[PDB]
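Okay, so we've got the same protein chain twice, two forms, each given alone as structure tokens, structure 1 and structure 2.
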Structure 1
């Protein structure tokens, strides 16, 4: 019945917390070498004997742990993605959800009532892990972005608000004819340059320190805005599109990607939940639809635009000057 599906979603915070706590505990990392019996896993996590078995078996019943003859083991997904120290480790996402996001969303009612953010504005190694996970998700968007656009038509690309440069680096690795410029605040420069040095791209990639609310954007054939316009109130986003249009040549493109809401605002749960995340986290940020963005790009003067799926929950709007 539909009411059963609804109650299951409404009480989803419990199953959520089980996985979140397991990640915060590093439970899956303790099983990376091989299976462990219940008492050994409990002792390594320093859990009380009262509920350790229940906790482990809940993970088994949720499909994220295996158990055979009293010994628990990783599933293929947790061995691959929830083992700390591996290059593919995404557990930092869950670690940050457990440490911060879970309680932040506990203030949804007050954010909805006041319209005001409910995080630190209202009031160590987990940040590295979370940043590793962000770089991971960024890489997925970057792999798709490299294949979704005919990059042979362009010679230069500028990533606006590039952070550590993951998308830009992967783009230039997949398309060796491209030259790239990452644009971000000066404080981002060392993280970006460490990835630049690791990539071996050399002079093909540069960083420009800047504030995009106070100076022009680098000229390039393609400008990329990944998770940029959504952080700000709309007049500030339109300012950025004007600067993008001024930075581009004729036939150059702007690429905007976000966890966009579907145009009819009735299908895309992750995009709509992200709009609520922007409520809780920023003064004026917001998630939007592709159709919203196409209207802004038309106001800014772009000749044409289209919405296109990217990967995971991400999609993009591409416009031509």
Structure 2
């Protein structure tokens, strides 16, 4: 029935919490060495004997854990994506949802009634690990979705620790890259930079993009940037991208974009409510919204293109 599906959505916070706590405990990382029986897994996770077995079996029943002859083990998906240290690890997103977003979303009604965020308005490394997991599939797709051989240089605006840019340059040996972010991010960028071995091919530029021009490059990337800010400041960033680009250069913007008709992309619409809860004036937008802003900024051509999972990009040519 339609009502059974409706109630399953309504009570989805229970199974969500089961998986979020398992991620917070690093349960899947503890199983990366091999299968463990319930008593051993409980001891490693420091869980109480009352409900540990129920907890593990719930994960099995949800399809996010294997159990064979009394030993729990990762599924192919949890092995690939929820084991810490692996390149495709996105568990940082679940750890952040468990530590912060679950309780923040508990304040949705107040956000809806006031229109004001419901948050405070390590730590940095927690935010960066959540962002890496959010942008993980999109960063790989970004390296394949555009013919990068046509550009010499790329500047990632709001680059954080530089994961997207580093993968782009590793994937395309000809590229030179510049990451742009606040000065407090430089150490995290410098660490990833040194670990990549990319050397002189990659550089960091410290600054505030609401007070300083952007680095000049053949391509400029905006990953999960514009959705954080009220529309006039996003329009300011699009103008600065135009000024930083040469003729034929491109601006690339990717988000969990809402469908143009605003009736299908659930992660995008949910993201817009996260922006409500987290920011004074951010919101999630549609590809059509962005193409209007880009034409207004002076770009001559633009298209919307699917990326990965719920995320999409808008590309414009100066």
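Take the two forms, find the largest set of C-alpha atoms that superpose within 1.5 Å, and that set is the rigid core. Numbering follows the first chain given and starts at 1.
Superposing the two forms on their core leaves just one of 82, 229, 160, 168 with a Cα displacement of at least 2 Å between structures 1 and 2, namely 82.
A movement of the C-alpha atom of residue 266 falling short of 2 angstroms is seen between structures 1 and 2 when the two forms are aligned on their rigid core. Relative to the superposed core, residue 94 undergoes a Cα shift of 2 Å or more between structures 1 and 2. Annotation: Cα of residue 55 displaced by at least 2 Å between structures 1 and 2, core superposition. For residue 113, the displacement of the CA atom between structures 1 and 2, after superposition on the rigid core, amounts to 0.3 Å. In the rigid-core superposition between structures 1 and 2, residue position residue 46 carries a C-alpha shift of 4.7 Å.
Fit the two forms on the rigid core and the C-alpha of residue 7 turns out 1.1 Å off between structures 1 and 2.
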